[PDB]
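A.B. asks: Encoded as structure tokens, here's the structure I'll be asking about.
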Amino acid sequence: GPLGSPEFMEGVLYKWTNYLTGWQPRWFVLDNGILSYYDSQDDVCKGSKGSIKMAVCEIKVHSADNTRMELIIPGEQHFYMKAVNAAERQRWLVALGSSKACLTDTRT
């Protein structure tokens, strides 16, 4: 499609919210590029309403070891998050960058 492969991946992402409070397992799910934030798998319907638009901006992956990922999106670029495991963290990079894979500049 006009963005890449319309992926849809869901599951808890262990996010680093602050130095004090890291490891935070929070429910995350990627829909058509929009990676939204929830506090539970039943919360998926509404959540905090806030969502990451990884399509218009970039899905960041670096940390040169197991588990590496972050999200930079519209208005606010700052999402540091770890995963249940490494291929878990991979999985996201996978879905995200497969769904945004056609956007080299910006989903607009």
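Each chain in the structure tokens gets a letter, A, B, ..., in the order shown, and its residues are numbered from 1; ligands are numbered from 1 in order too.
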I want to know what sits within 12 Å of residue 72 in chain A, based on only C-alpha atoms, with residues of the same chain fewer than 3 positions away left out; could you give that as a PDB file with C-alpha atoms, in the first residue's frame?
C.D. replies:
ATOM      1  CA  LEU A  35       1.427   2.682  17.401  1.00  0.00           C
ATOM      2  CA  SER A  51      -0.632   7.335  19.855  1.00  0.00           C
ATOM      3  CA  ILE A  52       2.673   7.194  18.055  1.00  0.00           C
ATOM      4  CA  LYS A  53       2.639   7.964  14.409  1.00  0.00           C
ATOM      5  CA  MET A  54       5.714   5.994  13.423  1.00  0.00           C
ATOM      6  CA  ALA A  55       4.795   6.361   9.759  1.00  0.00           C
ATOM      7  CA  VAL A  56       5.226  10.120   9.387  1.00  0.00           C
ATOM      8  CA  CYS A  57       8.332  10.083  11.485  1.00  0.00           C
ATOM      9  CA  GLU A  58      10.915   7.467  12.384  1.00  0.00           C
ATOM     10  CA  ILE A  59      11.099   4.224  14.294  1.00  0.00           C
ATOM     11  CA  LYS A  60      14.445   4.378  16.054  1.00  0.00           C
ATOM     12  CA  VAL A  61      16.553   1.298  16.696  1.00  0.00           C
ATOM     13  CA  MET A  69      14.263   0.559  20.044  1.00  0.00           C
ATOM     14  CA  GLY A  75       4.904  17.040  17.929  1.00  0.00           C
ATOM     15  CA  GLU A  76       6.851  15.038  20.473  1.00  0.00           C
ATOM     16  CA  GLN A  77       9.870  12.942  19.577  1.00  0.00           C
ATOM     17  CA  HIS A  78      10.738  10.974  22.709  1.00  0.00           C
ATOM     18  CA  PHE A  79       9.793   7.327  23.151  1.00  0.00           C
ATOM     19  CA  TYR A  80      12.397   5.112  24.737  1.00  0.00           C
ATOM     20  CA  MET A  81      11.151   1.599  25.233  1.00  0.00           C
TER      21      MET A  81
END
A.B. asks: Which residues in range 8-107 of chain A does DSSP call strand (DSSP E or B)? List them as number ranges by chain.
C.D. replies: A: 8-15, 24-31, 34-38, 51-53, 58-60, 70-72, 79-81
A.B. asks: When distances are computed from only C-alpha atoms, which of A:49, A:82, A:100, A:68 shows the smallest separation from residue 6 in chain A?
C.D. replies: A:100
A.B. asks: Would you return as a PyMOL selection string the members of chain A that DSSP assigns to alpha helix (DSSP H) on this structure's backbone?
C.D. replies: chain A and resi 86-99
A.B. asks: What is the distance, in Å and to one decimal place, between CA of residue 27 in chain A and CA of residue 73 in chain A?
C.D. replies: 18.1 Å
A.B. asks: Give the answer as one residue: which of A:1, A:48, A:43, A:90 has the shortest atom-to-atom distance to residue 66 in chain A, using only C-alpha atoms?
C.D. replies: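 Selected residue with least distance to residue 66 in chain A: A:90.
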A.B. asks: Between A:34, A:44, A:83, A:9, which has the minimum distance to residue 95 in chain A (counting only C-alpha atoms)?
C.D. replies: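 With only C-alpha atoms as the atom set, the closest residue is A:9.
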A.B. asks: Just the residues within 10 Å of residue 46 in chain A, please, counting only C-alpha atoms, with nothing from its chain fewer than 6 positions along; format it as a PyMOL selection string.
C.D. replies: chain A and resi 36-39
A.B. asks: Output C-alpha atoms of each residue in that selection to a file, as a PDB file, in the first residue's frame.
C.D. replies:
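The file below, out18.pdb, is the result:
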ATOM      1  CA  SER A  36      -0.918   3.466  20.284  1.00  0.00           C
ATOM      2  CA  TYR A  37      -0.461   3.345  24.056  1.00  0.00           C
ATOM      3  CA  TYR A  38      -2.565   1.330  26.460  1.00  0.00           C
ATOM      4  CA  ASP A  39      -2.233   0.072  30.027  1.00  0.00           C
TER       5      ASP A  39
END
A.B. asks: Have a look at CA of residue 63 in chain A and CA of residue 101 in chain A and let me know their distance in Å, one decimal.
C.D. replies: 20.6 Å
A.B. asks: Which one is closest to residue 88 in chain A: A:16, A:71, A:11, A:5? Count only C-alpha atoms.
C.D. replies: A:11
A.B. asks: Which is closest to residue 12 in chain A among A:32, A:85, A:67, A:104, if we use only C-alpha atoms?
C.D. replies: A:85
A.B. asks: How many Å separate CA of residue 96 in chain A from CA of residue 33 in chain A?
C.D. replies: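 Distance between the two atoms: 6.5 Å.
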A.B. asks: Ranking A:65, A:106, A:84, A:29 by minimum distance to residue 15 in chain A and counting only C-alpha atoms, which one comes first?
C.D. replies: A:84
